[PDB]
Amino acid sequence: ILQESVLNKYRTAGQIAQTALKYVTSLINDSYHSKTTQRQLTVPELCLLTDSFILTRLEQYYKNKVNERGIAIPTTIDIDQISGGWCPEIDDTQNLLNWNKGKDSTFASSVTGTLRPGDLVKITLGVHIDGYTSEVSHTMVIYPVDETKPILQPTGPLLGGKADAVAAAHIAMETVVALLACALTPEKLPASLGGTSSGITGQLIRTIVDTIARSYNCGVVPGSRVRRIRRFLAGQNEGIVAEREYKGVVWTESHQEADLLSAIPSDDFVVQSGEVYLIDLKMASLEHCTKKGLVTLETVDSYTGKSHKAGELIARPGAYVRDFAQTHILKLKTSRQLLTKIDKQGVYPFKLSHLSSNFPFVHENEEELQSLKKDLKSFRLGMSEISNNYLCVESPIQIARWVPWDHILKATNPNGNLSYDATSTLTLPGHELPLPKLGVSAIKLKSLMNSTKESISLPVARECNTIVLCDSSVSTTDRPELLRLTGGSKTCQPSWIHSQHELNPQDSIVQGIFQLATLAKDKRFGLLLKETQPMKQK
Amino acid sequence: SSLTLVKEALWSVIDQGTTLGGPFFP
Amino acid sequence: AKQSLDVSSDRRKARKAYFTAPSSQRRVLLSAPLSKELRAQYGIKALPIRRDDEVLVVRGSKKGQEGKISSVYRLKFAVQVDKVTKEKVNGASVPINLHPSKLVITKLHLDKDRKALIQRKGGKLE
């Protein structure tokens, strides 16, 4: 239930998230675009600096007034085919180099930590105060800097499928934000889009997002969601921890199958006032796919000895999730002390470096970094026994993959629905049906993906914001309005792209999208969006 | 067979522009 | 009637040789006749079956069904075609084990060694 104090806690979390996103954007621009910095920063350094900045900023807010506050989502930097879960520690850089020596260079940016021109860099971070969570995620583009222009600018706009994915994600984000804002004043919903006297539904959300994705020739990655957020329940680990109640719309391989054939989440709800909504949309480009196929996810392991595929990425996930329902008294004193530190963090995913007493840095020092690494060695020693007794689990690294439909149809599964992954460590992904109508299990689909020679990895663009549907008493302006805690025109400004694809205006859904854009621009009689501003540091 | 009918239907169903941003680094 | 003293008409020996033949011998044992079109085109009658050639079923309940060879399961003296399956309600598909003597090749997978084999059997390709 929205209140002045609850809204203020959400607002402060959103402000800290916006400031952190501006910080990472400035760091990346200085390292790769401005080039004032002598040595370019790497991805683990950027993640660590972002986390330290967030902790330093959050130290001053709600101190000695709130039991639990901290980082909700660790800083994740995903490049191209990687659709989530990439937050490596600083002590795994040489590990990554040694594990990926002799592989292809398709994941060279992730392996070396150094960004390259043409990269789609997706930055995700979240902040919670008293369990009230605000999460932001922005795709940006890395460009070569033109040496001839007096001012710094890209030589040319980004072109191709990555540009299509960025455009689709940005336009879907804006349209969904406007559509969810329309729930407060339902009469302003366009007639071509849906019923004037009726509200916003998950069916309308899904058909709008699918229409935008199909227009821009992109698929929706099966991790996308437009869901409701409560205290401590923000989907911070959605594929790992089951939830009692779910109110939102999700996209899966089952939904892709149903669209082709045209506590379980269902799109049979009505958006209500006084609610907080997370919108996380991942769009994968389908430019290189000459036929109709299915978009799925591939989990990255750290074992180089499982295959001979030179186009494989070998890495260890850096974010862990504590399972508070599991208890086991450990044998190592280091492991027991680490578990005591872990239980202080709460119910959000955490990095091993977040548990260091040296972290966050008061002054950025080489000695501070070295003491952090010295802590991290014993932290890994304790984490080995913690993970062995199922007290904590890894947050997976996932690569988007494309599997054609003809290979799936020609394949034979002798088990049907009965097959499942017995070696899987987590319950929720281990027993899953990605293709319920075809009777294909997750293990069977992974086997098909590995068996096909024409299964490729699709570039992904991501946009994720948090919004509040503020009622008239809740809002300052005496009218219902949408408060965007994260994202907007100041932090998530789109990069220079040029996409040949476009929305086709001769469709009712596209006309409703254009009218939603018009009514969002209309600041007099239309809808009211209040963006949350990043704060100044000096 | 319902599975066979589903597979047959699947086989049947499978058988300017836009510009964002500008010449600047946000 | 046999005339060579090096060949045996013993049923026990023949059956043991068949059921203990190694993989390379089973390749020859698993031969399929060509279609009439391919027989006229290439000038040969039968060839050992391999993975990527298209076949027509001419015997059994699956007679008339066409498809591409999916596997040559030499361990069970059978071939598997992609389109010929047994389906269940739960979504399970079990390949039908077909014998190449009951199949007809309608399109050969042609490589260098396949062309050499056809020519040394007496082919007239192109």
Side-chain angles (χ1 to χ4, degrees), chain A residues 20 24 27-28 31-32 39-55 71 73-101 103-116 119-126 137 140 142 237 297-304 312-321 345 348-356 358-361 368-370 372-384 387 392-400 457 460 462:
Chain A
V24 311
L27 277 190
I28 293 178
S31 298
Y32 293 90
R39 178 186 57 85
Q40 311 176 341
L41 300 183
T42 56
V43 171
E45 293 176 278
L46 290 154
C47 298
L48 194 68
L49 282 180
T50 310
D51 294 324
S52 59
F53 187 84
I54 292 181
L55 285 204
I71 289 176
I73 301 301
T75 311
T76 303
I77 292 181
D78 303 316
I79 304 172
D80 297 349
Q81 319 93 344
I82 297 177
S83 61
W86 188 264
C87 47
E89 285 279 357
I90 61 170
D91 79 315
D92 289 345
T93 307
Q94 199 60 225
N95 279 318
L96 284 170
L97 293 180
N98 296 337
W99 294 338
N100 295 283
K101 66 179 182 295
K103 289 289 186 297
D104 274 331
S105 46
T106 64
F107 305 100
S109 303
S110 304
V111 165
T112 60
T114 47
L115 309 184
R116 309 182 179 276
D119 280 354
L120 289 193
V121 180
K122 307 178 287 293
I123 305 161
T124 310
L125 56 105
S137 178
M140 72 184 302
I142 304 298
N237 29 47
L297 296 178
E298 171 197 27
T299 300
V300 170
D301 313 331
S302 57
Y303 307 98
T304 68
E312 200 177 40
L313 172 61
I314 281 84
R316 171 167 59 185
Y320 295 85
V321 170
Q345 296 295 285
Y348 293 91
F350 59 93
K351 306 265 295 297
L352 287 184
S353 50
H354 295 175
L355 312 165
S356 181
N358 302 110
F359 194 82
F361 317 111
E368 256 270 19
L369 199 71
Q370 292 293 347
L372 169 62
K373 297 182 184 185
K374 178 175 289 295
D375 283 6
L376 222 52
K377 299 183 179 69
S378 54
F379 284 176
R380 291 220 180 273
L381 178 63
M383 190 60 236
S384 58
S387 61
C392 293
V393 290
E394 296 171 325
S395 72
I397 309 173
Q398 285 150 346
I399 302 177
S457 56
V460 182
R462 193 179 177 183

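Residue numbers begin at 1 in each chain, while the letters A, B, ... track the order of the sequences. Both backbone and side-chain heavy atoms feed into the values below; hydrogens, waters and symmetry mates do not.
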So which atom in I397(A) and which in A315(A) form the shortest heavy-atom distance, rounded to 0.1 Å?
CD1-CB, 4.1 Å

For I314(A), is there any backbone N or O sitting under 3.5 Å from a side-chain donor or acceptor partner on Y303(A)?
no

Could you measure the distance from the CG atom of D91(A) to the NZ atom of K373(A)? Nearest 0.5 Å is fine.
8.0 Å

For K122(A) and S83(A), the nearest pair of non-hydrogen atoms, with its separation, is CE-CA, 4.4 Å

Atom pair OG/CZ of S105(A) and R116(A) - distance to nearest 0.5 Å:
8.0 Å

Going by heavy atoms in the side chains, are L41(A) and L49(A) under 4.5 Å from each other?
yes

Indicate yes or no: at least one non-hydrogen side-chain atom of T50(A) is less than 4.5 angstrom from one of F53(A).
no

Residue pair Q81(A) / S457(A): nearest heavy atoms and the distance that separates them:
CG-OG, 3.3 Å

Please identify each residue that fulfils side-chain hydrogen bond (donor to acceptor under 3.5 Å, both in side chains) with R316(A), with sequence neighbours left out.
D92(A)

For the atom pair CZ (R380(A)) and CG (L352(A)), what is the distance rounded to the nearest 0.5 Å?
5.0 Å

Any chance you could measure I77(A), atom CD1, to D119(A), atom CG, to the nearest 0.5 Å?
11.5 Å

Can you give me the closest heavy-atom contact between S384(A) and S387(A), atom names plus distance?
O-OG, 3.1 Å

So does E368(A) get a backbone contact from the side chain of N358(A), meaning a donor-acceptor N/O pair under 3.5 Å?
no

Does the pair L55(A) and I71(A) meet the rule for a side chain to side chain contact (heavy atoms under 4.5 Å, CB included), with working shown?
CA-CA 7 Å; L55(A) 285 204; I71(A) 289 176; 3.7 Å; yes

Do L355(A) and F379(A) make a side-chain contact, defined as non-hydrogen atoms from C-beta onward lying under 4.5 Å apart?
yes

Mind listing the closest non-hydrogen atom pair of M383(A) and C392(A) along with its distance?
CE-CB, 3.6 Å

Quick one: does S110(A)'s side chain get under 4.5 Å of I82(A)'s, heavy atoms only?
yes

Ignoring hydrogens and angles, tell me if any N or O in the side chain of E89(A) forms a donor-acceptor pair with the backbone of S353(A) under 3.5 Å.
yes

To the closest 0.5 Å, what do you measure between CG (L96(A)) and CD (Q94(A))?
9.5 Å

Could you give me the CA-CA distance, side-chain angles and deciding distance for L48(A) and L369(A), then say whether side chain to side chain contact (heavy atoms under 4.5 Å, CB included) is met?
CA-CA 10 Å; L48(A) 194 68; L369(A) 199 71; 4.0 Å; yes

Residues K351(A) and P74(A): closest non-hydrogen pair is CG-CB, 3.8 Å

Check whether any side-chain heavy atom of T93(A) sits under 4.5 Å from a side-chain heavy atom of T42(A), and report yes or no.
no

From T304(A) atom OG1 to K101(A) atom NZ, the distance as rounded to the nearest 0.5 Å
7.5 Å

Under the side chain to side chain contact (heavy atoms under 4.5 Å, CB included) rule, what do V460(A) and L120(A) come out as? Steps first, then yes or no, please.
CA-CA 8 Å; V460(A) 182; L120(A) 289 193; over 6 Å; no

I'd like to know if the side chain of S395(A) reaches the main chain of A319(A), judged simply by a donor and an acceptor atom lying under 3.5 Å from each other, with no hydrogens or angles considered.
yes

Test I142(A) against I28(A) for side chain to side chain contact (heavy atoms under 4.5 Å, CB included), laying out the working first.
CA-CA 9 Å; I142(A) 304 298; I28(A) 293 178; 3.8 Å; yes

Quick check: do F359(A) and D375(A) have side-chain heavy atoms less than 4.5 Å from each other?
no

